[PDB]
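Requesting a structural model of the entry that follows:
(chains A, B, C and D, ligands or ions: 6)
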Amino acid sequence: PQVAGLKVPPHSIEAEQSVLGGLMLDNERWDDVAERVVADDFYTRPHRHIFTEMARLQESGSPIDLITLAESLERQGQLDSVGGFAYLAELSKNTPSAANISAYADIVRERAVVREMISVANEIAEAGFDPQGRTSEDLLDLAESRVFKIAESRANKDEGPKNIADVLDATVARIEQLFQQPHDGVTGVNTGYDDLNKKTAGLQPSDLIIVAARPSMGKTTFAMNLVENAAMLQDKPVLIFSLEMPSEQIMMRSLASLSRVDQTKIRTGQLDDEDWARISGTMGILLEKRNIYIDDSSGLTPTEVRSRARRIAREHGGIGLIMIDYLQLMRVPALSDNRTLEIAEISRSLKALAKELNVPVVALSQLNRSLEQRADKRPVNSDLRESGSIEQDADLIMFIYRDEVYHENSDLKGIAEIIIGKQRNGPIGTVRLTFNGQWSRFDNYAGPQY
Amino acid sequence: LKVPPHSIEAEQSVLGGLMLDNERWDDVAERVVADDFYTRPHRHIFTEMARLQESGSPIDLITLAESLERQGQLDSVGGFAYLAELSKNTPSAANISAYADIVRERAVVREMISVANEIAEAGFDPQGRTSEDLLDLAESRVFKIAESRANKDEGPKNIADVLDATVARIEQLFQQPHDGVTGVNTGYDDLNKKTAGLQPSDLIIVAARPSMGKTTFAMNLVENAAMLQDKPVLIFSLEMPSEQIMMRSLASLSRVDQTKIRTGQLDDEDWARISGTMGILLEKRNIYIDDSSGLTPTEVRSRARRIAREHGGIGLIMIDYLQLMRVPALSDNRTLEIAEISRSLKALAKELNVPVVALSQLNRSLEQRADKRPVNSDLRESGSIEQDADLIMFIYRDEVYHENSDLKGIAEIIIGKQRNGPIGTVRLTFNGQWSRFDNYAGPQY
Amino acid sequence: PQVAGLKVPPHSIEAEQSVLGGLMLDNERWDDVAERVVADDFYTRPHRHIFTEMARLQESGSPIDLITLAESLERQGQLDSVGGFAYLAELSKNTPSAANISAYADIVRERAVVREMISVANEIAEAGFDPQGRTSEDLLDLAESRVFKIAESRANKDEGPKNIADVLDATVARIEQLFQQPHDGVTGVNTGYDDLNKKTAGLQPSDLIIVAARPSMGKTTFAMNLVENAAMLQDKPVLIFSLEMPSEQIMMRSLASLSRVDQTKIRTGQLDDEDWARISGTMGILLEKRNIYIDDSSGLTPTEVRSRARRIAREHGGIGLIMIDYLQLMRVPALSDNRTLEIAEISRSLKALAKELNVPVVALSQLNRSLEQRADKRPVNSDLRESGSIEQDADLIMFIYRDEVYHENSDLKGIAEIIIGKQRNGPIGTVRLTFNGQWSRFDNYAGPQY
Amino acid sequence: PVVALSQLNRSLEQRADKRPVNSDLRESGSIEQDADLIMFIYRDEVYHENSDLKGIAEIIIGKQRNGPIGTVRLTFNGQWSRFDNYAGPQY
Ligand SMILES: Nc1ncnc2c1ncn2[C@@H]1O[C@H](COP(=O)(O)OP(=O)(O)O)[C@@H](O)[C@H]1O
Ligand SMILES: Nc1ncnc2c1ncn2[C@@H]1O[C@H](COP(=O)(O)OP(=O)(O)O)[C@@H](O)[C@H]1O
Ligand SMILES: Nc1ncnc2c1ncn2[C@@H]1O[C@H](COP(=O)(O)OP(=O)(O)O)[C@@H](O)[C@H]1O
Ligand SMILES: [Mg+2]
Ligand SMILES: [Mg+2]
Ligand SMILES: [Mg+2]
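Numbering: from 1, shown residues only, chains lettered A, B, ... in the order given. Ligands and ions are numbered 1, 2, ... in the order given. Sure, structure below:
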């Protein structure tokens, strides 16, 4: 009957059956499950054992679907204790589609934690009635312990609140490591532009830089210049998620910058021996390193972006930089109707990413026309209208004003000034850069002052 | 075999030995309170006799009976015969302290089992609550007994039991110098007077358009309250990691600009301040920091409980750029998200007897006003925090929105809400390269 | 075999042991169980009589566990007669969690109905075949009364529908008891504001008052003044649920208001002898009385509010006032997905409480900030957006406006007006009061008409 | 072989194209897993009038265990309930 079954401890075996075989079908969602779920949150011995195997093996063994699991279990030699491969095959039979997993990873936690807490309550009571030579303070410190042990068994790392001295020693090691080598003016990533390295103090390793201007001001060119220089200097990856334009134009413009010959003398082939030599030079010095990876997709969400980036992270080493062109595309199905909160959540998640990996971010944007009808037309932070979320999240913003698009009579055609709208860890101001942009590159401007 | 453990002749013994010796009253009262006992009549006896020991000394048999008649309560305690049974029996000696002690012990136990059973109830019939919103309940209810010393975790409170704590509060400060302060000192001799210190149950909110160093101000607060006070503090930087936080606070102390530190070059003049503040900070270990990515309020509560379980009790908190906080279940709608956040914050602070400091942000419908001082109706996040809070401090600083304006190197603290006091406005300075506001010793505003 | 297991009347015995095992192990639940179960709902006579004692004691003698029960059970001569002490120990030995009771008392009621219906069906049929020379008129009224006796066995004796004449006797007795004594215009509770009792006839005793405003008008002060006054104007308790802020501030405020001194002379300590005199007076008047009870809780539900209140009601006297502060914090978690239904639930439940005890209920609120864009700002029934159920349940609503926040050039300084906006018994109006908040109290205003 | 007809949730409706797929079949995968062949169906005379597919029926196949997937065209003359083959432009 049910009355004899009512004393049962809550357990949801059905989803617990589904989840294992669902991950046997796919090892791509495995991290989001490993975080949210732990062994003891499985009810019985065998499922728990199988998840133990499937969790330890991905530290070393990539292939865990059906049979390398048998190789593992052989190296443990615990055949026919969970039924071995017999009941394992009975399990691997199940959920041959396994579309999604999240709720089936959450209800486990619900039932597991509830069961555990209630066992604890039972213990507290029946201990209070059978005290066994004990007194209140000792009677109750155990209660503190058994209550706070639960979530402590689920926390994973020292992610918790850092004592002061640890972060202190970390920062002091940074100061010392920097004190060894020359100052360089930089405390992070270099951009090449020495005049910019001062104000910015170098692109810092934990931030969400933003760059912005109307379309034909060529912000995209500047972003590619940044990643370009940062790739040639470092011994470390970079990444580029260009959305609007596919990659076979990206690389043409990249060679236009690196190689200082226009697109037209490349797509055609009118290039002289010196020009052939410089194209071959950029080719050969990129070939040795091969830092860049590119995803020239159509439209994306931050959730996919974290996966695509962390895959590169685990492939080799910590990354050095990221770029994102024309931010406004990156969707979110939840708020596909509204836009304000959409941009808010985008910026939020990208900040979270950049902190999750301790690496910078570039992330461009568009502006609103209305600065046209101000008659000075110089950008300010009020101009880009996205509810001003980015004006809060961002550790850095800067703008571009190429003089020649609006005015032509003026003599400063071909010069472009950067405006730094806001910076967290420094001052604001401006700089002056120059533009020989039939091959899409900026360079320094060693003129008189501004 | 099993029973909610009560002793019942110890109780009668205490009542009897308390009747004949009216003076034997503080030795008891320091150990026992009405709800500590088991039955109803003995409680009402105890509290009426307390009412009599207000002034009336003689309380054994007859004056008690007469008062208890005046409240019209005789014979609901048995009767006058059952009463005189007590003075008849138990002429015992002064083995009275340990009686009250064991009775208090039994009461603590009974309370413990009651809590455990409530936990089991809410484990079986959660009423849509998940586990996250359930461990919160459990840990709170247990912690309230474990930390607390008055061991009456839940219930209403009759008044005398409240006035005792109130007047102990009003007592302890007069002995020390009061100095206008109650709670925490910010170190700013003008703000202390408009505030009397960050009172230890209140949700403070800071609010400003970004480039104002509100982050800097809050760091300055927790810093000064880390050194003056001798209890922990917490700093949650959802805005940025701790390697920047450390440089900034250390800079604020040593009065050396950041651009010199991270550059890695500096003078003996500066080393003599760095080493010092390092050591003075290190021989306390006040601080704890968390450089997380995205937090719920429940995680905040959890971490805080574990801290105070370690040792003593915290005294200040700082949360950073509150809009990042997201309770995931209601991520689809934003207003209720903010409301639940602020609710949880308030209950946290009230639970631990602390202040809280929570930064925020503002809507840009103020810039077109052409005056640009903030006020209450400027922040549009449903106004869910305007109703929850106790203290607010907007910030304005003229040398952003103008270059030539003749208030250079000055900010100001526009207060817009005060739960226990009045409002005002204050003048402070800003030297943004070593990141510390200072007092404005000058004319008024 | 099992076939002969079908003619048995349905019953449960393990649940019947487990219930009593929990109740004997814990007294906190008797409300719920007695709100689901009655003596005859059990199977046999012993467990019936046991439940009889375990209710009839908690009527007056609260404690019922194992031996405080047996000490009464003996005096009716029933030891070693309903199972006895040795067997009765079994019930307290096993199931020492008291983990679930309510479920283990639902099914008993189910089977009890299912059995007391069938025992009636058979007893109707056999008489329908053994008519005894009866006639239908003498044969169907018994069946009526039989079927209805089932539901009568459960119903509490004093919740049914009353006749006109008894109610009318109560009414005339009320008017009589009034005319034995002056009237003062009051029909219940007094406040201290004679300007208010005329439009209100006092706080009536079975209602849901609401006191709504913008943040800084001072509603909290007003409610505290009300309960503060009704303390000394009565010989009967009160309650407060200061969900907003804890006791050590509330009592400072209350004390101060009673003694006409500012808070800033207490917590500072720069005060006079006249001061301490007026302090000790109100102190020694509060403590010779023992009316008030306070609850510095954090977050609550009506389900717990009812329990905390009824504990007070059953301990001593019947309460005569309540206050609840900053209502919005009251969680009822099942609905927290939504808010409109949440407020509807709370209002519904508080109304039901107040009427279940025949007492008033102050309860505060907040107003949405829509009025600001109107330039009149005198609040009205339309600007509170909390499902508008509070606009329906309430037998009274009294907003608060106070010009010297919005304007500062005021011809209307130190004056707070009370915009009543709804009434269920009297008429509407508007009251004019004065404010001097450095000690947080409102006062009368002997002044011009309006 | 065994034919076994079935029905579809209206969950497909709001998609603005309303051609079925496998995931449109909300049946806890109870036959998306325990099947060998599927052939969803569509007929554009239903959802839209200005669709230039008057008298068209297409056999959408979200799955075939033993072979390749596809997408196929037929006609429809429901006035006596029969399908024919399509001899027109390709697909
Ligand atoms: N053949 C060319 N002649 C002149 N300018 C060029 C040529 N090719 C590229 N550019 C410059 O490169 C810039 C890149 O701009 P664009 O890619 O449109 O910016 P965004 O990516 O923001 O749209 C252009 O604004 C343009 O002035
Ligand atoms: N080293 C520095 N040199 C010059 N200005 C600085 C320096 N550090 C900070 N600032 C200024 O101080 C302000 C601090 O703002 P911040 O602390 O980020 O508060 P918020 O997070 O609200 O912007 C910035 O506007 C910045 O311009
Ligand atoms: N100690 C004080 N001195 C001067 N004014 C005060 C003091 N305490 C409170 N006030 C004023 O009186 C008001 C009290 O109302 P309050 O309790 O804040 O109502 P609410 O809970 O609705 O905010 C405050 O808003 C404040 O303006
Ligand atoms: Mg572009
Ligand atoms: Mg900040
Ligand atoms: Mg209030």
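
end-to-end on stretch A:206-224?
End-to-end distance for stretch A:206-224: 20 Å, by Cα to Cα, to the nearest Å.

before we move on, what about stretch A:28-41?
First-to-last residue span, stretch A:28-41, Cα to Cα: 21 Å.

Just the buried positions in that stretch, please.
A:29, A:33, A:34, A:37, A:38, A:41 (16 or more other Cβ atoms under 10 Å in any protein chain shown). Backbone N, C-alpha and C define where each C-beta goes, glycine included.

how about the last one, what does it touch?
Taking Cβ atoms under 8 Å, 6 or more residues apart in numbering or on different chains as the contact definition, residue A:41 lies against A:108, A:109, A:112, A:113.

The same query, at a cut-off of 10 Å, please.
Counting by Cβ atoms under 10 Å, 6 or more residues apart in numbering or on different chains, residue A:41 touches A:16, A:48, A:51, A:105, A:108-113, A:115-116, A:153-154.

Likewise for residue A:247?
Contacts of residue A:247 (Cβ under 10 Å, 6+ apart): A:240, A:254, A:292, A:294, A:295, A:296.

how about the helices in the stretch 1-150 of chain A?
Remark: helices assigned in the stretch 1-150 of chain A by DSSP state H, counting those that start in this stretch are A:3-6, A:13-24, A:30-36, A:45-60, A:68-76, A:84-93, A:102-129, A:136-152.

who in the stretch 201-350 of chain A is up against ligand 6?
Residues of the stretch 201-350 of chain A found near ligand 6 (Cβ under 5 Å from the ion): none.

ok, now how distant is the closest residue to residue A:95 other than its chain neighbours from residue A:62?
Nearest non-adjacent residue to residue A:95, counting by Cβ to Cβ, 6 or more residues apart in numbering or on different chains: residue A:21, 4.4 Å away. Relative to residue A:62, residue A:21 is positioned 19 Å away (Cβ to Cβ, to the nearest Å).

and if you look at residue A:255?
From residue A:255 to residue A:62 the distance is 36 Å (Cβ to Cβ).

More neighbours: which of the two?
Neighbours were counted for residue A:255 and for residue A:62 using other Cβ atoms under 10 Å in any protein chain shown; residue A:255 has more, 20 against 8.

Surely that one and residue A:248 touch.
No: look at residue A:255 against residue A:248 with Cβ atoms under 10 Å: they stay out of range, at 11.4 Å.

Of all the helices of the stretch 1-150 of chain A, which one comes closest to ligand 3?
Nearest to ligand 3 among the helices of the stretch 1-150 of chain A is helix A:136-152 (34.6 Å), distances taken as Cβ to the nearest ligand atom.

Who's the closest spatial neighbour of residue A:386, skipping the chain neighbours?
Per Cβ to Cβ, 6+ apart, closest to residue A:386 is residue A:343, 4.6 Å.

So that neighbour, which state does it fall into?
Put simply, residue A:343 is helix when judged by DSSP: H, G, I helix; E, B strand; the rest coil.

Next, work out how far apart it and residue A:304 are.
In terms of Cβ to Cβ, residue A:343 sits 18 Å off from residue A:304.

those strands in the stretch 301-450 of chain A, which residues are they?
A:364-365, A:396-402, A:415-423, A:429-435, A:442-443 (DSSP state E, counting those that start in this stretch).

Adjacent strands (with direction) for the second one?
Using DSSP bridges, the strands paired with strand A:396-402 in its sheet are strand A:209-212 (parallel), strand A:415-423 (antiparallel).

Compute the inter-axis angle for that strand and strand A:429-435.
50 degrees (axes from the mean of the first three to the mean of the last three Cα atoms, to 10 degrees).

Restricting to C-alpha, output strand A:396-402 in PDB.
Extracted in PDB, the C-alpha atoms of strand A:396-402 (Å, rounded to 0.1, in the frame of the first residue of the first chain):
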ATOM      1  CA  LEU A 396      36.800  51.000 -20.000                       C
ATOM      2  CA  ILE A 397      35.200  52.700 -22.900                       C
ATOM      3  CA  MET A 398      36.700  54.700 -25.700                       C
ATOM      4  CA  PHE A 399      35.400  56.400 -28.900                       C
ATOM      5  CA  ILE A 400      36.700  57.400 -32.300                       C
ATOM      6  CA  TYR A 401      36.300  60.600 -34.300                       C
ATOM      7  CA  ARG A 402      37.900  60.500 -37.800                       C
END
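
Is there proximity between it and ligand 5?
No: using Cβ under 5 Å from the ion, strand A:396-402 stays clear of ligand 5, with a minimum separation of 12.9 Å.

distance between the ends of stretch A:36-48?
Start-to-end, stretch A:36-48 (Cα to Cα) is 14 Å.

Quote the end-to-end distance of stretch A:256-263.
OK, stretch A:256-263 end separation, Cα to Cα: 6 Å.

roughly how far out does that stretch sit from the chain middle?
Relative to its parent chain, stretch A:256-263 has a centroid offset of 31 Å by Cα atoms, centre = their mean, to the nearest Å.

Identify all contacting residues around it.
Counting by Cβ under 10 Å, 6+ apart, A:221, A:224-225, A:228-229, A:232, A:249, A:252-253, A:255, A:264-266, A:268, A:270-272, A:274-283, A:285-286, A:436-443 sit against stretch A:256-263.

From those residues, list the buried ones, please.
A:221, A:224-225, A:228-229, A:253, A:255, A:265-266, A:275, A:278-279, A:282, A:286, A:437, A:439-442.

Which of the residues you listed fall within strands?
residue A:442 (DSSP state E).

and ligand 1, which of the buried ones among the contacts of stretch A:256-263 contact it?
Restricting these to those touching ligand 1 (Cβ under 6 Å from any ligand atom) yields A:221, A:437, A:440.

Let me know the closest of the residues you listed to residue A:334.
For those, the closest approach to residue A:334 (Cβ to Cβ) belongs to residue A:221, at 33.8 Å.

Quick check: chain neighbours aside, which residue is closest to the residue sitting nearest the centre point of chain A?
For chain A, residue A:353 is the residue whose C-alpha lies nearest the centre (Cα atoms, centre = their mean; 3.4 Å). Distance criterion Cβ to Cβ, 6+ apart; nearest residue to residue A:353, sequence neighbours excluded, is residue A:306 at 5.9 Å.

Among the contacts of residue A:41, the buried ones, what's the ChimeraX command?
Applying 16+ other Cβ under 10 Å to the contacts of residue A:41 leaves a buried subset, and the ChimeraX line that selects it is:
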select /A:16,48,51,105,108,109,110,111,112,113,115,116
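
which one among the contacts of residue A:41 gets closest to chain B?
residue A:113 (4.1 Å; Cβ to the nearest Cβ).

which residue sits closest to the closest one in space, ignoring its chain neighbours?
residue B:131 (4.1 Å).

Would you enumerate the residues in contact with residue A:101?
By Cβ under 10 Å, 6+ apart, residue A:101 lies in contact with A:15, A:18-19, A:22-23, A:26, A:29-30, A:32-33, A:36-37, A:95.

could the residues you listed be laid out in CSV, adding distance to ligand 5?
Below are the contacts of residue A:101 laid out as CSV (distance: Cβ to the ion, whole Å):
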residue, distance to ligand 5
A:15, 42
A:18, 44
A:19, 40
A:22, 42
A:23, 40
A:26, 40
A:29, 35
A:30, 35
A:32, 30
A:33, 34
A:36, 30
A:37, 35
A:95, 46
